[PDB]
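Labels below follow one simple rule: chain letters A, B, ... track the order of the sequence lines, proteins then strands, and each chain is numbered from 1.
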Amino acid sequence: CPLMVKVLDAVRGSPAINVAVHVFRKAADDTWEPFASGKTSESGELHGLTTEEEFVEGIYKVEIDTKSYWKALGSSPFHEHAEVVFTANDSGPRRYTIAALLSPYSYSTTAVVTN
Amino acid sequence: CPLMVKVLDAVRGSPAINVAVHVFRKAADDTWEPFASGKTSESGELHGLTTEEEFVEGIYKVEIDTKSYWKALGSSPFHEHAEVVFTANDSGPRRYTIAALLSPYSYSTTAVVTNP
Amino acid sequence: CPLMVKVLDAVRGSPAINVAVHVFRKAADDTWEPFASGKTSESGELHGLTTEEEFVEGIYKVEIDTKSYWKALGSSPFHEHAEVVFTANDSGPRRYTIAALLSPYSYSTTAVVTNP
Amino acid sequence: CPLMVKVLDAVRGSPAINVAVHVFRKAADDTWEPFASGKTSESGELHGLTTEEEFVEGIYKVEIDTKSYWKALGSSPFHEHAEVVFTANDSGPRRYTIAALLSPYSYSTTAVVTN
Ligand SMILES: N[C@H](Cc1cc(I)c(Oc2cc(I)c(O)c(I)c2)c(I)c1)C(=O)O
Ligand SMILES: Oc1ccc(/C=C/c2cc(O)cc(O)c2)cc1
């Protein structure tokens with residue numbers, strides 16, 4: 001599990017459950033190729049997106065469908081989605097956690113990169 | 001104006017207006033002595049808390065009354081307040097902006113510290 | 001000035017100066033068309049990106065070039081940029097401030113949306 | 001485990017390891033009584049602070065010694081510590097996670113409250 005996504009809800013103080021997450025890899029021609037996707041669990045986590053063999057160095061985009069999340073809760077949001085764009089580097093540690101903390105007009109995101 | 005406080009609401013995407021703020025300074029006996037207080041304006045800003053003369057070196061606590069803010073809007077929040085505790089003016093006078101971004105179960109705070 | 005961008009540095013406690021910002025607007029064919037660009041000033045603010053006339057309804061992407069910022073300061077950061085994607089002016093003209101707070105492996109962004 | 005503390009480092013993109021954390025309970029006379037304390041683990045977590053029987057309703061303060069953390073890494077910080085002050089309410093869900101994301105001149109904190 002080299003890539004994990006964790007999503008929290010700052011309005012309810014809870015994991016953000018059943019949020020759609022799409023990961024893309026940047027192709028040679030600067031387009032975004034679908035790579036992996038899923039929905040966050042009851043604990044706000046999405047595991048099993050990729051494998052060590054598939055997750056090569058490159059630029060990746062993690063798109064979190066925040067707009068749909070907020071609308072399903074009956075709350076009016078600002079963003080279309082949250083985007084996290086980063087380079088995977090084999091020099092760095094091997095496990096990437098992308099965390100995001102959501103509010104209707106704001107979000108925070110951090111990377112936890114460990115061995 | 002060497003100490004300013006700015007507060008935003010992350011639910012509304014607006015300034016957080018009418019937020020009460022209490023500033024304390026640690027006394028010689030290591031208790032928290034009341035130093036200044038005020039409330040944020042329509043722009044979410046609180047100016048005029050103190051003066052260059054009065055804002056001496058010390059350890060200061062800026063308490064932002066987030067629970068009262070949210071309750072006044074009919075919301076039950078998690079935190080009692082947001083506390084920002086820092087040493088000021090240890091290398092000479094500086095200007096401090098304490099910014100805070102509020103959600104019902106979360107907040108962020110940052111400091112912008114300028115000149116010398 | 002209907003679109004403004006403000007960027008802070010959470011490591012230094014200062015405005016993030018000379019941050020490049022590129023704004024795109026989604027075209028009829030659903031590609032991202034370049035709309036405006038600029039860089040933050042000494043105050044960490046970017047004004048004058050667009051005009052009320054030009055800033056029509058649409059889906060906009062504000063790309064803040066955080067990697068170039070950090071690399072220019074001799075730091076290797078995590079993200080390529082911070083992207084802020086939103087629908088604008090769907091209920092008539094509004095003024096948008098996009099704020100971002102930067103750390104080498106993290107950022108926060110919020111929107112302040114005002115009048116009608 | 002009704003109370004857990006998790007601390008992350010936004011400069012290095014890592015858990016915040018060996019951070020001192022002190023929890024206090026507000027007494028009848030408005031003073032802060034020591035309640036529990038510890039140091040975060042290699043995963044930036046502090047488990048086992050209290051038990052269900054001990055963690056009664058009331059106002060609690062979680063003090064995270066951010067200044068010492070940053071100084072041990074050779075980095076100059078702004079805050080003396082980070083403080084998180086909240087009421088424990090038996091009406092709400094039963095497990096509290098206090099999370100904090102640290103930078104030298106900023107921090108974020110959120111509560112994840114679940115059953
Ligand atoms: N100093 C002003 C501009 C300015 C606007 C805002 I609005 C602000 O407030 C926040 C609050 C949070 I919370 C953030 O995450 C961020 I980014 C900015 C700050 I500080 C400065 C000038 O004179 O130009
Ligand atoms: O298991 C976990 C529990 C909580 C967290 C919190 C992450 C987090 C991310 C942010 O961008 C801001 C913040 O205040 C917190 C991460 C992992």
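- When all heavy atoms of A/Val11 and A/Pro104 are compared, the pair lying nearest together is CG2-CD, 3.4 Å.
- Here OG of C/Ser37 is found 7.5 Å from CG of C/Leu49. Values are rounded to the nearest 0.5 Å.
- In this structure, the separation between CD1 on A/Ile98 and CD1 on A/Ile64 is 8.5 Å, given to the nearest 0.5 Å.
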Discussion item. Is there a side-chain contact (heavy atoms from CB on, under 4.5 Å) between C/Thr97 and C/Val5? Walk through the geometry before answering.
Written reply: CA-CA 6 Å; C/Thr97 297; C/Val5 179; over 6 Å; no
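- By the neighbour-count criterion of 12 heavy atoms within 6.0 Å, atom NE2 of C/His22 is densely surrounded, having more than that number from other residues, nucleotides or ligands.
- Screening residues 95-116 of chain B for ring pair (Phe, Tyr, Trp, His ring centres under 6.0 Å) gives B/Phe55-B/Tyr96, B/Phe78-B/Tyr105, B/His79-B/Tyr107, B/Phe86-B/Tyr96 as the qualifying pairs, with residues at least two apart or on separate chains.
- Residues A/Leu8 and A/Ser14 have side chains not in contact (no heavy-atom distance under 4.5 Å, counting atoms from C-beta outward).
- Applying the salt bridge (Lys or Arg N to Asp or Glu O under 4.0 Å) test to every pair with at least one member in residues 95-115 of chain A, sequence neighbours left out, gives no pairs at all.
- At a threshold of 4.5 Å between non-hydrogen side-chain atoms, the residues A/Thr66 and A/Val19 do not count as touching.
- By the side-chain hydrogen bond (donor to acceptor under 3.5 Å, both in side chains) test, A/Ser76 pairs with no residue at all, sequence neighbours left out.
- Proximity of a side-chain donor or acceptor of A/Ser106 to a complementary backbone N or O of C/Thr109 within less than 3.5 Å is detected.
- Looking at D/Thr114 and A/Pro15, their side chains come closer than 4.5 Å, going by heavy atoms from C-beta outward.
- Under the side-chain hydrogen bond (donor to acceptor under 3.5 Å, both in side chains) criterion, C/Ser75 pairs with no residue at all, not counting sequence neighbours.
- The ring pair (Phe, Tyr, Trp, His ring centres under 6.0 Å) analysis of residues 28-54 of chain C, with sequence neighbours excluded, yields the pairs C/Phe35-C/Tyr60.
- Atom CD of A/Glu57 sits in a crowded spot, with more than 12 heavy atoms from other residues, nucleotides or ligands closer than 6.0 Å.
- Closest of all the heavy-atom pairs between C/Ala10 and C/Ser103 is CB-OG, 3.4 Å.
- Judged purely by distance below 3.5 Å, without hydrogens or angles, the side chains of D/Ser108 and A/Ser108 never pair a donor atom with an acceptor atom.
- With sequence neighbours left out, the side-chain hydrogen bond (donor to acceptor under 3.5 Å, both in side chains) criterion links B/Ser43 to B/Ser41.
- Summarising the geometry, atom OG1 belonging to B/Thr40 is positioned 6.0 Å from atom CG belonging to B/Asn18; distances are rounded to the nearest 0.5 Å.
- Sorted by first and then second residue, the pairs that involve residues 10-34 of chain C and meet salt bridge (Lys or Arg N to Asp or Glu O under 4.0 Å), not counting sequence neighbours, are C/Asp9-C/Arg12.
- For C/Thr50, the side-chain hydrogen bond (donor to acceptor under 3.5 Å, both in side chains) partners at least two apart in sequence or on another chain are C/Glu54.
- Atom-to-atom distance recorded for D/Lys67:NZ and D/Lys71:NZ is 4.0 Å, nearest 0.5 angstrom.
- Residues passing the salt bridge (charged side-chain N to carboxylate O under 4.0 Å, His left out) test with B/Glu45, sequence neighbours excluded: B/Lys6.
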Practice prompt. Applying side-chain contact (heavy atoms from CB on, under 4.5 Å), run through C/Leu102 and C/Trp70 and close with a yes or a no.
Written response: CA-CA 9 Å; C/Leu102 309 184; C/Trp70 290 115; 3.8 Å; yes
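- In this structure, B/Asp65 contributes its side chain and B/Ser68 its backbone to no donor-acceptor pair below 3.5 Å.
- Contacts of C/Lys61 classified as salt bridge (charged side-chain N to carboxylate O under 4.0 Å, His left out), with partners at least two apart in sequence or in another chain: none.
- In terms of the side-chain contact (heavy atoms from CB on, under 4.5 Å) criterion, A/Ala72 has no residue partners (sequence neighbours excluded).
- Applying the side chain to side chain donor-acceptor pair (under 3.5 Å) test to every pair with at least one member in residues 83-94 of chain C, sequence neighbours left out, gives these pairs: A/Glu80-C/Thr87, C/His81-C/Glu83.
- To the nearest 0.5 Å, the span separating NZ on A/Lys39 from CG on A/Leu46 amounts to 11.0 Å.
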